[PDB]
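Heads up, run_6.cif below (mmCIF, C-alpha atoms and all ligand atoms):
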data_my_file
loop_
_atom_site.label_atom_id
_atom_site.label_comp_id
_atom_site.auth_asym_id
_atom_site.auth_seq_id
_atom_site.Cartn_x
_atom_site.Cartn_y
_atom_site.Cartn_z
CA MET A 1 152.47 -2.45 170.01
CA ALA A 2 149.55 -0.83 171.83
CA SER A 3 147.82 1.96 170.01
CA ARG A 4 147.24 4.37 172.93
CA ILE A 5 149.35 5.72 175.81
CA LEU A 6 147.97 6.53 179.27
CA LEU A 7 148.10 10.20 180.27
CA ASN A 8 148.36 11.57 183.79
CA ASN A 9 144.70 12.63 183.63
CA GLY A 10 143.64 8.98 183.43
CA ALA A 11 142.71 9.11 179.74
CA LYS A 12 144.25 7.24 176.80
CA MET A 13 145.83 9.00 173.80
CA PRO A 14 146.33 7.45 170.34
CA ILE A 15 150.07 7.36 169.70
CA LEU A 16 149.50 8.17 165.99
CA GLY A 17 147.63 11.29 164.95
CA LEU A 18 147.12 13.33 161.78
CA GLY A 19 148.80 16.73 161.64
CA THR A 20 147.02 19.65 159.99
CA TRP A 21 149.55 22.55 159.85
CA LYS A 22 149.69 23.79 156.20
CA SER A 23 146.82 21.53 155.14
CA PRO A 24 144.89 23.65 152.66
CA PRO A 25 141.37 24.41 153.78
CA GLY A 26 140.02 23.07 150.49
CA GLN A 27 141.83 19.75 150.99
CA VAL A 28 141.84 19.14 154.76
CA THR A 29 138.18 18.06 155.04
CA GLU A 30 138.71 15.14 152.69
CA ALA A 31 142.11 14.45 154.30
CA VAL A 32 140.56 14.07 157.76
CA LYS A 33 137.63 11.99 156.45
CA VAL A 34 140.14 9.64 154.74
CA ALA A 35 142.26 9.52 157.83
CA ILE A 36 139.25 8.50 159.98
CA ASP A 37 138.18 5.93 157.43
CA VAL A 38 141.59 4.23 157.46
CA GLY A 39 141.93 4.13 161.28
CA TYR A 40 143.13 7.45 162.61
CA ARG A 41 141.49 8.51 165.82
CA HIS A 42 143.62 11.49 166.79
CA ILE A 43 143.72 14.82 164.94
CA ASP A 44 146.16 17.61 165.83
CA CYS A 45 144.76 21.10 165.22
CA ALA A 46 145.38 24.72 166.05
CA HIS A 47 143.50 28.01 165.68
CA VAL A 48 146.56 29.62 164.09
CA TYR A 49 146.49 27.02 161.23
CA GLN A 50 143.33 28.78 160.02
CA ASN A 51 141.60 25.55 158.98
CA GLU A 52 139.76 24.32 162.10
CA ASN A 53 136.33 24.94 160.54
CA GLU A 54 137.12 22.60 157.69
CA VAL A 55 138.70 20.00 159.97
CA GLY A 56 135.53 20.13 162.01
CA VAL A 57 133.35 19.53 158.93
CA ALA A 58 135.13 16.20 158.50
CA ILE A 59 134.87 15.24 162.16
CA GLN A 60 131.17 16.09 162.21
CA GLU A 61 130.44 14.14 159.04
CA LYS A 62 132.15 11.01 160.39
CA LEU A 63 130.33 11.26 163.73
CA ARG A 64 127.05 11.78 161.84
CA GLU A 65 127.76 8.80 159.55
CA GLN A 66 128.53 6.75 162.68
CA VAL A 67 131.97 5.77 161.40
CA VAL A 68 133.28 6.62 164.85
CA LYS A 69 131.91 7.67 168.23
CA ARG A 70 133.06 10.90 169.84
CA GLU A 71 134.52 8.93 172.74
CA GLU A 72 136.74 7.12 170.25
CA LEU A 73 138.30 10.36 168.94
CA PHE A 74 141.16 12.28 170.48
CA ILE A 75 141.04 15.85 169.25
CA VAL A 76 143.79 18.28 170.14
CA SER A 77 144.05 22.03 169.64
CA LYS A 78 146.30 24.82 170.90
CA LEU A 79 146.02 28.28 172.46
CA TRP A 80 147.76 30.82 170.20
CA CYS A 81 150.25 33.33 171.65
CA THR A 82 147.94 36.37 171.31
CA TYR A 83 145.48 34.80 173.73
CA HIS A 84 147.69 34.19 176.81
CA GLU A 85 145.83 36.85 178.85
CA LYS A 86 143.54 35.31 181.52
CA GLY A 87 140.49 36.95 180.13
CA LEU A 88 141.01 35.67 176.59
CA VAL A 89 141.77 31.96 177.16
CA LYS A 90 138.18 30.76 177.51
CA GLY A 91 137.02 32.53 174.40
CA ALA A 92 139.91 31.26 172.35
CA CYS A 93 139.04 27.70 173.38
CA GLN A 94 135.41 28.27 172.68
CA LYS A 95 136.19 29.58 169.20
CA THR A 96 138.21 26.44 168.47
CA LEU A 97 135.35 24.29 169.80
CA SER A 98 132.82 26.09 167.66
CA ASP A 99 134.94 25.74 164.54
CA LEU A 100 135.69 22.07 165.21
CA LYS A 101 131.98 21.54 166.10
CA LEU A 102 132.79 19.86 169.37
CA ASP A 103 131.62 20.34 172.92
CA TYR A 104 134.98 19.38 174.42
CA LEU A 105 138.63 18.96 173.40
CA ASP A 106 140.57 15.86 174.51
CA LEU A 107 143.70 18.01 174.86
CA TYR A 108 144.33 21.73 174.75
CA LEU A 109 147.95 22.95 174.65
CA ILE A 110 149.66 26.27 175.23
CA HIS A 111 151.01 26.49 171.68
CA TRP A 112 154.20 28.37 172.68
CA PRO A 113 155.54 29.68 176.01
CA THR A 114 155.68 33.18 174.52
CA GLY A 115 152.71 35.46 174.96
CA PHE A 116 152.11 38.26 172.38
CA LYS A 117 149.97 41.41 172.43
CA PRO A 118 146.33 40.59 171.77
CA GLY A 119 144.68 41.76 168.56
CA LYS A 120 143.80 40.53 165.07
CA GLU A 121 147.40 39.93 164.03
CA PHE A 122 148.90 36.52 165.07
CA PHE A 123 152.33 38.09 165.10
CA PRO A 124 151.92 41.72 166.21
CA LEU A 125 155.10 43.58 165.19
CA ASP A 126 156.76 46.81 166.22
CA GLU A 127 158.11 49.09 163.53
CA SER A 128 161.40 47.20 163.39
CA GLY A 129 159.95 43.68 163.03
CA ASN A 130 160.18 42.44 166.58
CA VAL A 131 157.17 40.60 167.94
CA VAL A 132 155.37 42.67 170.59
CA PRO A 133 155.16 40.65 173.82
CA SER A 134 152.40 40.24 176.38
CA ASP A 135 153.33 40.85 180.06
CA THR A 136 151.11 37.94 181.12
CA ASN A 137 153.19 35.18 182.49
CA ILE A 138 152.96 31.53 181.76
CA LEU A 139 151.96 30.51 185.29
CA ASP A 140 148.86 32.73 185.03
CA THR A 141 148.19 31.32 181.59
CA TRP A 142 148.44 27.82 183.12
CA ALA A 143 145.88 28.67 185.77
CA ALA A 144 143.57 29.85 183.06
CA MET A 145 144.09 26.51 181.31
CA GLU A 146 143.23 24.72 184.60
CA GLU A 147 139.91 26.52 184.67
CA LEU A 148 138.98 25.05 181.30
CA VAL A 149 139.30 21.52 182.75
CA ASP A 150 137.08 22.54 185.64
CA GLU A 151 134.45 24.01 183.28
CA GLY A 152 134.22 20.93 181.12
CA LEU A 153 135.58 22.39 177.94
CA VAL A 154 138.69 20.23 177.81
CA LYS A 155 139.59 16.87 179.27
CA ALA A 156 143.36 17.46 179.49
CA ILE A 157 145.72 20.38 179.29
CA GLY A 158 149.26 20.62 178.18
CA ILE A 159 152.11 22.62 176.72
CA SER A 160 154.10 22.79 173.46
CA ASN A 161 157.63 24.04 172.69
CA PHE A 162 158.41 24.41 176.43
CA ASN A 163 162.06 23.85 177.34
CA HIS A 164 162.90 21.89 180.47
CA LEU A 165 163.20 25.02 182.67
CA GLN A 166 159.79 26.13 181.49
CA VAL A 167 158.31 22.69 182.13
CA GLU A 168 159.89 22.87 185.56
CA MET A 169 158.35 26.30 186.12
CA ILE A 170 154.87 24.84 185.59
CA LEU A 171 155.60 21.82 187.71
CA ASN A 172 156.76 24.10 190.53
CA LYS A 173 153.88 26.57 190.15
CA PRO A 174 152.52 27.54 193.58
CA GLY A 175 149.13 25.93 194.02
CA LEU A 176 149.37 23.86 190.87
CA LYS A 177 146.08 22.04 190.33
CA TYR A 178 146.71 19.93 187.18
CA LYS A 179 150.11 18.93 185.80
CA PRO A 180 150.62 19.23 182.08
CA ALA A 181 149.67 16.00 180.36
CA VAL A 182 151.67 16.43 177.24
CA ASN A 183 154.57 18.47 175.98
CA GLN A 184 154.46 18.61 172.17
CA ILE A 185 157.88 19.37 170.68
CA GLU A 186 159.75 19.00 167.40
CA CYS A 187 161.44 15.62 167.24
CA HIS A 188 163.07 13.54 164.44
CA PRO A 189 166.50 11.91 163.78
CA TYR A 190 168.17 15.36 163.22
CA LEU A 191 166.67 16.73 166.53
CA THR A 192 166.45 13.75 168.80
CA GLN A 193 165.73 15.66 172.05
CA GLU A 194 167.05 12.99 174.43
CA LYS A 195 167.46 15.35 177.38
CA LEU A 196 164.06 17.02 177.18
CA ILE A 197 162.28 13.79 176.52
CA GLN A 198 163.86 12.03 179.45
CA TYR A 199 162.94 14.90 181.75
CA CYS A 200 159.33 15.01 180.66
CA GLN A 201 158.94 11.25 180.82
CA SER A 202 160.52 11.15 184.27
CA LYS A 203 157.75 13.52 185.38
CA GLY A 204 154.88 11.52 183.81
CA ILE A 205 154.44 14.04 181.01
CA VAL A 206 153.85 12.37 177.63
CA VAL A 207 155.77 13.77 174.71
CA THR A 208 154.34 14.32 171.22
CA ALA A 209 156.80 14.50 168.34
CA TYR A 210 155.94 17.04 165.69
CA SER A 211 157.47 17.42 162.21
CA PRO A 212 158.52 13.78 162.37
CA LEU A 213 159.24 13.75 158.60
CA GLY A 214 161.21 16.96 158.77
CA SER A 215 158.36 19.17 157.47
CA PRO A 216 159.46 19.15 153.82
CA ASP A 217 156.56 21.58 153.04
CA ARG A 218 157.70 24.18 155.59
CA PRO A 219 157.50 27.60 153.92
CA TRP A 220 161.11 28.49 154.68
CA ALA A 221 162.77 25.36 153.37
CA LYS A 222 166.13 26.01 151.67
CA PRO A 223 167.90 23.66 149.20
CA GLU A 224 171.01 23.33 151.35
CA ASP A 225 168.86 21.89 154.11
CA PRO A 226 169.10 18.33 155.38
CA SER A 227 166.33 16.04 154.22
CA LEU A 228 165.20 13.06 156.29
CA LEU A 229 163.07 11.59 153.59
CA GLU A 230 166.05 11.54 151.27
CA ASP A 231 168.72 10.42 153.74
CA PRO A 232 170.27 7.33 152.21
CA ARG A 233 171.01 5.96 155.63
CA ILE A 234 167.33 6.09 156.64
CA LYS A 235 166.29 4.70 153.27
CA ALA A 236 168.56 1.75 153.87
CA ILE A 237 166.90 1.01 157.21
CA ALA A 238 163.50 1.24 155.55
CA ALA A 239 164.52 -1.03 152.67
CA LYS A 240 165.79 -3.60 155.20
CA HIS A 241 162.36 -3.72 156.78
CA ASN A 242 160.45 -3.50 153.48
CA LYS A 243 158.82 -0.23 154.55
CA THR A 244 159.05 3.34 153.27
CA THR A 245 161.32 5.93 154.77
CA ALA A 246 158.33 7.79 156.12
CA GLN A 247 157.08 4.61 157.91
CA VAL A 248 160.47 4.33 159.54
CA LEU A 249 160.41 8.03 160.59
CA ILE A 250 156.98 7.45 162.17
CA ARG A 251 157.82 4.16 163.87
CA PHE A 252 161.00 5.66 165.40
CA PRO A 253 159.28 7.95 167.90
CA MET A 254 156.61 5.35 168.65
CA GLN A 255 159.32 3.06 170.05
CA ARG A 256 160.61 5.87 172.27
CA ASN A 257 157.15 5.92 173.90
CA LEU A 258 156.25 9.10 172.10
CA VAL A 259 153.09 10.14 170.32
CA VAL A 260 153.66 11.24 166.69
CA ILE A 261 151.60 13.35 164.32
CA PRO A 262 152.70 13.21 160.70
CA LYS A 263 150.80 15.54 158.34
CA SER A 264 149.51 14.71 154.91
CA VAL A 265 146.71 15.75 152.61
CA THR A 266 147.54 12.94 150.17
CA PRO A 267 145.12 9.98 150.63
CA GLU A 268 147.69 7.33 149.76
CA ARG A 269 150.24 8.83 152.15
CA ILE A 270 147.62 9.17 154.90
CA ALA A 271 147.05 5.43 154.60
CA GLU A 272 150.72 4.62 154.25
CA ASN A 273 151.61 6.58 157.34
CA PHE A 274 149.13 4.59 159.46
CA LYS A 275 150.63 1.22 158.46
CA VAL A 276 153.29 1.30 161.12
CA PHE A 277 151.92 -1.21 163.67
CA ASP A 278 153.12 -4.29 161.77
CA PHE A 279 156.92 -4.05 162.14
CA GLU A 280 159.63 -3.28 164.69
CA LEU A 281 162.93 -1.41 164.58
CA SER A 282 165.72 -3.17 166.45
CA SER A 283 167.52 -1.47 169.24
CA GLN A 284 170.49 -1.12 166.96
CA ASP A 285 168.28 0.57 164.40
CA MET A 286 166.99 2.94 167.05
CA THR A 287 170.46 3.82 168.28
CA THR A 288 171.58 4.29 164.72
CA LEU A 289 168.69 6.70 164.00
CA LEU A 290 169.45 8.55 167.24
CA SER A 291 173.04 8.94 166.03
CA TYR A 292 171.93 11.25 163.20
CA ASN A 293 171.14 14.01 165.73
CA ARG A 294 172.47 17.40 164.64
CA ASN A 295 170.25 19.79 166.69
CA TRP A 296 168.56 20.92 163.47
CA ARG A 297 165.17 22.62 163.92
CA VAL A 298 162.32 23.15 161.41
CA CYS A 299 160.53 25.42 163.82
CA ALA A 300 162.51 28.41 165.06
CA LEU A 301 161.69 32.06 164.47
CA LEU A 302 163.91 35.14 164.49
CA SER A 303 161.05 37.53 165.06
CA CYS A 304 160.64 35.98 168.50
CA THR A 305 164.27 35.38 169.60
CA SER A 306 164.27 38.42 171.90
CA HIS A 307 161.09 37.45 173.72
CA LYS A 308 161.90 36.72 177.38
CA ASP A 309 160.28 33.22 177.22
CA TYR A 310 161.77 32.31 173.82
CA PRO A 311 162.41 28.58 174.48
CA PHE A 312 165.43 27.74 172.38
CA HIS A 313 168.35 29.61 173.91
CA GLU A 314 168.46 27.04 176.72
CA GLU A 315 170.39 23.85 175.96
CA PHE A 316 167.11 22.02 176.46
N1 LIG B 401 153.20 22.57 168.23
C1 LIG B 401 153.81 23.24 167.26
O1 LIG B 401 154.46 24.25 167.42
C2 LIG B 401 153.87 22.47 165.94
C3 LIG B 401 154.82 22.93 164.96
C4 LIG B 401 154.93 22.23 163.73
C5 LIG B 401 154.08 21.13 163.48
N2 LIG B 401 153.14 20.74 164.50
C6 LIG B 401 152.09 19.65 164.22
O2 LIG B 401 152.85 18.53 163.71
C7 LIG B 401 152.31 18.13 162.40
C8 LIG B 401 153.38 17.45 161.57
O3 LIG B 401 154.50 18.38 161.34
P1 LIG B 401 154.70 19.12 159.93
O4 LIG B 401 153.39 19.49 159.32
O5 LIG B 401 155.62 20.27 160.22
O6 LIG B 401 155.50 18.11 159.00
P2 LIG B 401 155.72 16.54 158.78
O7 LIG B 401 154.54 15.76 159.21
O8 LIG B 401 157.08 16.24 159.21
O9 LIG B 401 155.83 16.53 157.16
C9 LIG B 401 154.67 16.85 156.39
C10 LIG B 401 155.21 16.84 154.90
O10 LIG B 401 155.52 15.50 154.59
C11 LIG B 401 154.77 15.08 153.48
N3 LIG B 401 154.47 13.70 153.60
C12 LIG B 401 153.54 13.11 154.46
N4 LIG B 401 153.54 11.80 154.40
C13 LIG B 401 154.50 11.50 153.47
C14 LIG B 401 154.90 10.23 153.02
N5 LIG B 401 154.42 9.06 153.43
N6 LIG B 401 155.92 10.25 152.04
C15 LIG B 401 156.49 11.43 151.56
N7 LIG B 401 156.08 12.67 152.02
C16 LIG B 401 155.06 12.67 152.98
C17 LIG B 401 153.52 15.93 153.42
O11 LIG B 401 153.08 16.07 152.08
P3 LIG B 401 151.51 16.04 151.65
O12 LIG B 401 150.73 16.65 152.77
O13 LIG B 401 151.49 16.91 150.38
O14 LIG B 401 151.20 14.57 151.33
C18 LIG B 401 154.09 17.27 153.92
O15 LIG B 401 154.75 17.96 152.83
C19 LIG B 401 151.75 19.48 161.86
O16 LIG B 401 150.97 19.39 160.70
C20 LIG B 401 151.10 20.04 163.13
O17 LIG B 401 149.87 19.30 163.29
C21 LIG B 401 153.01 21.38 165.73
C1 LIG B 402 158.70 28.88 164.99
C2 LIG B 402 157.51 29.63 165.53
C3 LIG B 402 156.31 29.85 165.00
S1 LIG B 402 155.74 29.19 163.43
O1 LIG B 402 156.92 28.65 162.77
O2 LIG B 402 154.84 30.18 162.90
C4 LIG B 402 154.80 27.79 163.96
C5 LIG B 402 154.64 26.67 163.00
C6 LIG B 402 153.81 25.68 163.37
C7 LIG B 402 153.13 25.79 164.67
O3 LIG B 402 152.38 24.88 165.00
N1 LIG B 402 153.36 26.84 165.42
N2 LIG B 402 154.19 27.83 165.06
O4 LIG B 402 155.43 30.56 165.72
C8 LIG B 402 156.15 30.84 166.87
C9 LIG B 402 155.59 31.59 167.92
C10 LIG B 402 156.44 31.78 169.02
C11 LIG B 402 157.73 31.25 168.97
CL1 LIG B 402 158.73 31.53 170.37
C12 LIG B 402 158.29 30.51 167.93
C13 LIG B 402 157.42 30.33 166.86
#

Rewrite the coordinates I just gave you, this time as structure tokens.
Ligand SMILES: NC(=O)c1ccc[n+]([C@@H]2O[C@H](COP(=O)([O-])OP(=O)(O)OC[C@H]3O[C@@H](n4cnc5c(N)ncnc54)[C@H](OP(=O)(O)O)[C@@H]3O)[C@@H](O)[C@H]2O)c1
Ligand SMILES: Cc1c(S(=O)(=O)c2ccc(=O)[nH]n2)oc2ccc(Cl)cc12
Amino acid sequence: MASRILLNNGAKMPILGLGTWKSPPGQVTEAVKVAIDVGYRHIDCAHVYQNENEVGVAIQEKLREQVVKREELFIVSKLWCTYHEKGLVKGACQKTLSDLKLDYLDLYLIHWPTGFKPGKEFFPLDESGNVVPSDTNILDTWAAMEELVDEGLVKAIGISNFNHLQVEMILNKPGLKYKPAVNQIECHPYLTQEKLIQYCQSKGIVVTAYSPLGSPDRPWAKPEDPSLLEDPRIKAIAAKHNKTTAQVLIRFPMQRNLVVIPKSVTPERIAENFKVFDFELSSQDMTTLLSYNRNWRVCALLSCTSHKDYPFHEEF
């Protein structure tokens, strides 16, 4: 299958990228260098992951060594919730660009639809633990994102963790200048997202699946939790195809015309996870994997459930 998908901005996006959430700063530079050496051309980043400087060291070294050209990379980062105010969006982007040592991003996403009070804290809290919101709304944040396209800092803009009513809000924005190119959302056999995906795709918005392996290193994992990598039913599909379970979990979203961004800092697993272009899941396999849906989310957060734009009350 083709390795890139066409976006509504006219550019092509690698359907496999390397995730970097939780990648330790002392390990992520080698992880990204390895990833580039074994074929990855898309890296998924965010300011809030607190490791963009070290990701950028790897990107810069591989451009300097002429392993890849900048035009061949697809680098993505995200606007954190404490920077949704108009006046803060450019600087937040510029900080990410400086850390990543780039002069443009291929894609910049609103990380979450929820804006928070600006300041040093990523999750500003009131005395009872609720996140303190920003009154800026998401349409004004979108316009500020549009300005970054028109200033040359980013080639595409998009959104992340937006539910279909919030996607619709952007699409219906008065005076909309650029549609979102991507909506990046959690997606795996336990959270198959058929409704949201169909909606986005119907509107020409490409979807990126995050936590495709079920984020087994998520800080809040509990023992009683489902585990994709250990699901005997997924293992059996992998064994049938002579691939690992992870390879199946990565190939699954690819065949739904999604982009997917598995994370690893383990060199052998970085390589393993890229070796997913040499086999196909049958339709039956795909429908079987879709059948494991249980609306189970890695990424949900109680401190933000009262925010007016919290995305996961809505059915989708
Ligand atoms: N937009 C957002 O709100 C959002 C939210 C969550 C995630 N994301 C993005 O999506 C990326 C992926 O999601 P994620 O980090 O939550 O989790 P994930 O990719 O589902 O899982 C990563 C975990 O799987 C392990 N792993 C990787 N390859 C493996 C393999 N072949 N076999 C067995 N274990 C393997 C990794 O271990 P090692 O690293 O130790 O090898 C790590 O513990 C993130 O890193 C981030 O870039 C975006
Ligand atoms: C969950 C959750 C998080 S997170 O789990 O810290 C996260 C993980 C990874 C990542 O990339 N981004 N955030 O931050 C949020 C901010 C707003 C809302 Cl409404 C929900 C959340």

If I take atom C13 of ligand LIG 401 (chain B) and CA of residue 273 in chain A, how far is one from the other in Å, to one decimal?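 Atom-to-atom, atom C13 of ligand LIG 401 (chain B) and CA of residue 273 in chain A are spaced 6.9 Å apart.
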
Could you list, as a PyMOL selection string, all protein and nucleic acid residues with an atom at most 8 Å from ligand LIG 402 (chain B), counting all atoms listed in the file? chain A and resi 21+46+48-49+81+111-115+123+161+298-301+304-305+307+309-312

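Taking CA of residue 140 in chain A as the reference point, CA of residue 171 in chain A is found at 13.1 Å.
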
Give the residues close to ligand LIG 401 (chain B), within 7 Å, counting only C-alpha atoms and all ligand atoms; write them as a count of residues only. 38

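The space separating CA of residue 15 in chain A from CA of residue 3 in chain A comes to 5.9 Å.
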
A:260, A:281, A:55, A:226: which is nearest residue 248 in chain A, counting all atoms listed in the file? A:281

Go through A:241, A:42, A:164, A:95 and flag the residue nearest residue 195 in chain A, using only C-alpha atoms for the distances.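 Of the candidates, the smallest distance to residue 195 in chain A is held by A:164.
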
For residue 154 in chain A, which residue among A:38, A:17, A:219, A:9 is the nearest when counting all atoms listed in the file?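 Ranking A:38, A:17, A:219, A:9 by distance to residue 154 in chain A, first place goes to A:9.
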